Amino acid sequence: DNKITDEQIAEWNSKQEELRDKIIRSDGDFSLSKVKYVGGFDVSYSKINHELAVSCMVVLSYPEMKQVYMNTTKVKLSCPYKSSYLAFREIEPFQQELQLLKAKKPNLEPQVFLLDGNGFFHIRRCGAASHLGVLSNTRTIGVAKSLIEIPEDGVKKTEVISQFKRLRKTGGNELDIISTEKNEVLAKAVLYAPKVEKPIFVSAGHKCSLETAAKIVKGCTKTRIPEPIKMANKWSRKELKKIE
Amino acid sequence: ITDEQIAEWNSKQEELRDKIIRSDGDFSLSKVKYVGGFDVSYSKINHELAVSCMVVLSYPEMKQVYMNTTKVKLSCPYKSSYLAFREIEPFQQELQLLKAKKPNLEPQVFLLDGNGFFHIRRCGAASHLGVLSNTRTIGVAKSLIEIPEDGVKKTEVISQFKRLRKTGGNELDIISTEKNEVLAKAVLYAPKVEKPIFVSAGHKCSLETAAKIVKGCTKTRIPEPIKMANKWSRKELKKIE
Ligand SMILES: [K+]
Ligand SMILES: [K+]
Ligand SMILES: [K+]
């Protein structure tokens, strides 16, 4: 696992700095009405055998949320998880799954992928959802289940959570997460599923505005974890446990 | 499951119930050096396909010293009050294997999932397996069985236990109102837990010593041997789908 070095962190920072201006956070000619399928992608990994991992890509119909495509792949991960560097951990499995989907079911290719974690909501504005979106020329949305703290942007977990609870007291369900250093919205803390109090954090990935991203995440919501994410995570994990 | 099979099972339980020993004899808490666990994981995709697991942990340190899993073919479905006939054969198999491989690790008592004396015919799976194998067993159930014929109702017991908790207690006697006898003990031994588990005497051990041993096996809500047996059985089952 000896991939993370000071020099590797420097290289990763550099690549992120050159990519960040390529991330598009607007819809262009894309709209919610064009979404017929939504994709998911995830990676499960073994703690017993560190090399052993399984990627999974799914496609669900929109808005019915019915799974129409699934594939898992035994993969060897190139670097461990390090916050702010998830992209370098899952870019290759993603590209491989995507290429397989395009060769197998090109007409099921989704108009947008939901990816675990952040997109624009990132210290260098280049989270994994955005990174994978730009490197594959695919529309992506970032959906994170926990909040990343960014001191350099004035984003603190306790403050965001307390602001969101104060919002809930008024009946709201969406809260803009803001960088005080750049005076911009990074993400949206949202609560769409019933019987849920813990928000999830949606950020624009690539080729999609934050607003359209949130609408798509709402349309994908049955429970707290949107369906494409739920399915990719489930099948990747199950296959990993089978071969572990 | 047919009427005749139910009749045969009732008859076997009626014949076994009087062989159950609910006293310690020459056994005491100070003799427990190892505690056994055992469980079976089923697949809902494939009904015959199952995996048994037997574990042995040191006492009171709760350190796992033995584990084994076995692919099993189930003989009958689950039907409440008849759990024993579903797992008697896998248990015996694991037990014999343990005795053959590590005879010096044979435990003085097994914790078994479900009830012992706390049963319509006073012969739950823990007692049944204990007597048919001449081993000391304790019944540990994670949910409450209702026995209307003994006056045991879930809402009443749960409400009684919550009223007890509001006073700081952690043990509630479960009694038959028709036979005027103690059936089980609703207990709370783990910290940060409010949901009781239900301990009944299995075989060759009193209910009071049983509860003492269950307390000794408690780190979290599910006592360690049960937790471990379920853990390994489930993992191995997931390996074979
Ligand atoms: K495959
Ligand atoms: K976490
Ligand atoms: K965390």
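All chains are named by letter (A, B, ...) in the order of the sequence lines, taking the proteins before the strands, and each is independently numbered beginning at 1. Basis for what follows: all heavy atoms, side chains included, without hydrogens, waters or symmetry-related copies.
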Query raised in the report: Do A:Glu11 and A:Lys15 meet the salt-bridge criterion of a basic N to acidic O distance under 4.0 Å?
Result: yes
Query raised in the report: Taking atom NZ of A:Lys222 as the centre, does the number of heavy atoms from other residues, nucleotides or ligands within less than 6.0 Å exceed 12?
Result: yes
Query raised in the report: Does the side-chain contact (heavy atoms from CB on, under 4.5 Å) test come out yes or no for B:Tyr82 and B:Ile6, once each step is laid out?
Result: CA-CA 9 Å; B:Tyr82 303 96; B:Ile6 298 285; 3.5 Å; yes
Result block: side-chain N/O donor-acceptor pairs under 3.5 angstrom for residues 35-44 of chain A, not counting sequence neighbours:
| unit_1 | atom_1 | unit_2 | atom_2 | d |
| --- | --- | --- | --- | --- |
| A:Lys36 | NZ | A:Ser33 | O | 2.9 |
| A:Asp42 | OD2 | A:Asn233 | ND2 | 3.1 |

Query raised in the report: Among B:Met62, B:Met54, B:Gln64, whose side-chain contact (heavy atoms from CB on, under 4.5 Å) with B:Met228 holds?
Result: B:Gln64
Query raised in the report: In Å, rounded to the nearest 0.5 Å, how long is the span from NZ of B:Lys79 to OG of B:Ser81?
Result: 8.0 Å
**Report entry** Any donor-acceptor N or O pair under 3.5 Å, side chains B:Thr70, B:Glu94
**Finding:** yes
Query raised in the report: Within the side chain of B:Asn46, is there an N or O that forms a donor-acceptor pair under 3.5 Å with the backbone of B:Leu49?
Result: yes
Query raised in the report: Do A:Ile200 and A:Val190 come within less than 4.5 Å of each other through their side chains, counting heavy atoms only?
Result: yes
Requested in this report: Dump the intermediate steps for side-chain contact (heavy atoms from CB on, under 4.5 Å) on A:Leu101 and A:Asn71, then the final yes or no.
Outcome: CA-CA 8 Å; A:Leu101 168 64; A:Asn71 182 80; over 6 Å; no
Query raised in the report: Just wondering, more than 12 heavy atoms not from A:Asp21 lying within 6.0 Å of its CG?
Result: yes
Report summary line: Contacts satisfying ring-ring contact (aromatic ring centres under 6.0 Å, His included) that involve residues 105-156 of chain A (not counting sequence neighbours) are A:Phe88-A:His131, A:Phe94-A:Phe113
Report task. Start with the C-alpha gap between B:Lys101 and B:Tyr66, add the side-chain angles, then the distance that decides, and say whether side-chain contact (heavy atoms from CB on, under 4.5 Å) holds. Result -> CA-CA 10 Å; B:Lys101 294 171 87 76; B:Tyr66 176 92; 3.8 Å; yes
Report task. May I ask you to decide if A:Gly28's main-chain N or O and A:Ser26's side chain share a donor-acceptor pair within less than 3.5 Å? Result -> no
Query raised in the report: Considering residues, nucleotides and ligands other than A:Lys242, do more than 12 of their heavy atoms fall under 6.0 Å from its NZ?
Result: yes
Requested in this report: Give a yes or no on whether B:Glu4 atom CD has more than 12 heavy-atom contacts from other residues, nucleotides or ligands under 6.0 Å away.
Outcome: no
Report task. Could you walk me through whether A:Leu98 and A:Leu100 pass side-chain contact (heavy atoms from CB on, under 4.5 Å), step by step? Result -> CA-CA 5 Å; A:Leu98 181 66; A:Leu100 184 51; over 6 Å; no
Query - Interatomic distance, A:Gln111 atom CD to A:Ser31 atom OG [nearest 0.5 angstrom] - result: 10.0 Å
Query raised in the report: With a 4.5 Å limit on heavy-atom distance, are the side chains of A:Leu210 and A:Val185 in contact?
Result: yes
**Report entry** Partners passing salt bridge (charged side-chain N to carboxylate O under 4.0 Å, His left out) against A:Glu92 (at least two apart in sequence or in another chain)
**Finding:** none
Query raised in the report: Just wondering, do B:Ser233 and B:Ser52 contact through their side chains at under 4.5 Å, heavy atoms?
Result: no
Requested in this report: Of all the heavy-atom pairs spanning A:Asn173 and A:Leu167, show the shortest one and how long it is.
Outcome: N-CD2, 4.3 Å
Query raised in the report: With a 4.5 Å limit on heavy-atom distance, are the side chains of A:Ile216 and A:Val112 in contact?
Result: yes
Report task. Give a yes or no on whether the backbone of A:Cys126 and the side-chain of A:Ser130 come within a donor-acceptor separation of less than 3.5 Å. Result -> no
Query raised in the report: Is the closest side-chain heavy-atom distance between A:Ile177 and A:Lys188 below 4.5 Å?
Result: no
Report summary line: In terms of heavy-atom contacts, A:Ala128 and A:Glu90 come closest through CB-OE2, 3.8 Å
**Report entry** Exam field: side chain B:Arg221 to backbone B:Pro196, donor-acceptor pair closer than 3.5 Å
**Finding:** yes
Query raised in the report: Would you call A:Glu17 and A:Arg20 a salt bridge, taking side-chain N to carboxylate O under 4.0 Å as the test?
Result: yes
**Report entry** B:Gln92 vs B:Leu132 side-chain heavy atoms within contact, under 4.5 Å
**Finding:** yes
**Report entry** Whether over 12 other heavy atoms sit under 6.0 Å from A:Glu184 CD
**Finding:** yes
Query raised in the report: Are more than 12 heavy atoms from other residues, nucleotides or ligands located less than 6.0 Å from atom NZ of B:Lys195?
Result: no
Query raised in the report: Which heavy atom in A:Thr221 sits nearest to a heavy atom in A:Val217, and how many Å separate them?
Result: OG1-O, 2.7 Å
Report task. Using side-chain contact (heavy atoms from CB on, under 4.5 Å) as the criterion, point out the one residue from B:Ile226, B:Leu129, B:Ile138, B:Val140 that pairs with B:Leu112. Result -> B:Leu129
Report summary line: So CG of B:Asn115 and OG of B:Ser143: to nearest 0.5 Å the spacing works out to 8.0 Å
**Report entry** Residues, nucleotides or ligands: over 12 heavy atoms within 6.0 Å of A:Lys234 NZ
**Finding:** yes
Query raised in the report: Distance only, no hydrogens: is a donor on one side chain within 3.5 Å (strictly under) of an acceptor on the other, for B:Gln5 and B:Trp9?
Result: yes
Query raised in the report: For the side chain of A:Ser61 and the backbone of A:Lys66, is there at least one donor-acceptor N/O pair under 3.5 Å apart?
Result: yes
Query raised in the report: Would a 4.5 Å heavy-atom cut-off, applied to side chains only, mark B:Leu74 and B:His47 as touching?
Result: no
Query raised in the report: Between the main-chain N or O of A:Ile24 and the side-chain N or O of A:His206, is there a donor-acceptor pair closer than 3.5 Å?
Result: yes
Requested in this report: May I ask you to say whether A:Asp153 pairs ionically with A:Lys182, meaning some side-chain N is under 4.0 Å from a carboxylate O?
Outcome: no
Query raised in the report: Got B:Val65 and B:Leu57 here, is their nearest side-chain heavy-atom distance under 4.5 Å?
Result: no
Query - Spacing of B:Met67 atom CE and B:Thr69 atom OG1 [to the nearest 0.5 Å] - result: 5.5 Å
Query raised in the report: Do any N or O atoms from the side chain of A:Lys34 and from the backbone of A:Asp29 form a donor-acceptor pair under 3.5 angstrom?
Result: yes
**Report entry** B:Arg165 bridged to B:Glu194 by N-O distance under 4.0 Å
**Finding:** yes
Query raised in the report: Should A:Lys207 and A:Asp27 count as an ion pair when the cut-off is N to O under 4.0 Å?
Result: no
Query raised in the report: About how many Å separate NZ of A:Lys230 and CD1 of A:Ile225, when rounded to the nearest 0.5 Å?
Result: 8.0 Å
Requested in this report: Specify the closest pair of heavy atoms between A:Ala232 and A:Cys56, including all atoms of both residues, with the distance to one decimal.
Outcome: O-CB, 3.6 Å
Requested in this report: Look at the side chain of B:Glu146 and the backbone N and O of B:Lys154, then say whether any donor-acceptor pair between them is shorter than 3.5 Å.
Outcome: yes
Query raised in the report: B:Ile147 and B:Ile120: which non-hydrogen atoms are nearest, and at how many Å?
Result: CD1-N, 4.0 Å
Query raised in the report: In Å and rounded to the nearest 0.5 Å, what is the CD1 to CD distance from A:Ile91 to A:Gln96?
Result: 10.5 Å
**Report entry** Taking every non-hydrogen atom, the tightest pair across A:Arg89 and A:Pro80
**Finding:** NH1-CA, 3.3 Å
